[PDB]
């Protein structure tokens, strides 16, 4: 099975680091970060990297669609056109392919999920964040992510999460909602779904560095005052985000097909 994950957010929020942390990949070996003068009028480009992931015993084709340039320019007016056009184009190709006679070999390139990285440095969502999510929330499953969560104390983290949730509701933004746990599922799975839901939006830390979490070399970030552990759920939500994505990949695909694609398809009629 193929899964396509789009990544959007201001440059410098640790997005490439988190993405590589999720799957132990190296998707950006030749990435060049432009200088400030080059970013004044930078345009958004689409870059797609496809890798084979064999988590547990299941192998899957993961495509990460990055949007370098998003938010870089002084005037970010058309910072959405190229992204929106890419999402709709994949819907367009699928519609042509499923209506044709070669339905047997359809490559599904529809975007199944969008990680939107929110800066932890402000007080809440910024006008650019709100406008982009409102521009795509009827087309893709939005998963909002608080970047660089190790910049926030616990109280600051609770305050920012609560405000982001309030603003999503205030602006009528539709983000992806996890399916409710069925009654036939055992207790420790229902509590698992509840714990994941309670931590949205996930506040995550990523790292490509091995540090000393006294007793063992683990993923983290070293400061003069201590060490943040990527996989410590008491430090950040990386494991919840990872578990959420792996557990709900199939549901994310099905919502893309049953909701966003069908709404594109009916809205398509001239």
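Positions refer to the first chain, counted from 1.
- Omission of residue 77 is seen in a third or more of the other entries compared for this protein where the adjacent residues are built.
- Compared with other PDB entries of the same protein, residue 59 is missing from at least a third of those that resolve the residues around it.
- The PDB entry records a higher mean C-alpha B factor for 157-165 than for its counterpart among 114-122 and 157-165.
- Mean CA temperature factor is higher for 42-50 when stretches 202-210 and 42-50 are set side by side in the entry.
- In the PDB entry, the Cα temperature factor peaks, among 55, 237, 229, 66, at 55.
- Remark: of 129, 191, 88, 150, 191 shows the highest value [criterion: C-alpha B-factor in the PDB entry].
- In the deposited entry, the Cα temperature factor of residue 61 sits in the top third of values across the chain's modelled residues.
- When the CA B factors of the chain's modelled residues are split into thirds, the value for residue 266 lands in the highest one.
- Sorting the modelled residues of the chain by their CA temperature factor places residue 92 in the middle third.
- In this PDB entry, the Cα temperature factor of residue 250 sits in the middle third of its chain's modelled residues.
- For residue 107, the recorded CA B-factor ranks within the highest third of the chain. Only modelled residues enter the ranking.
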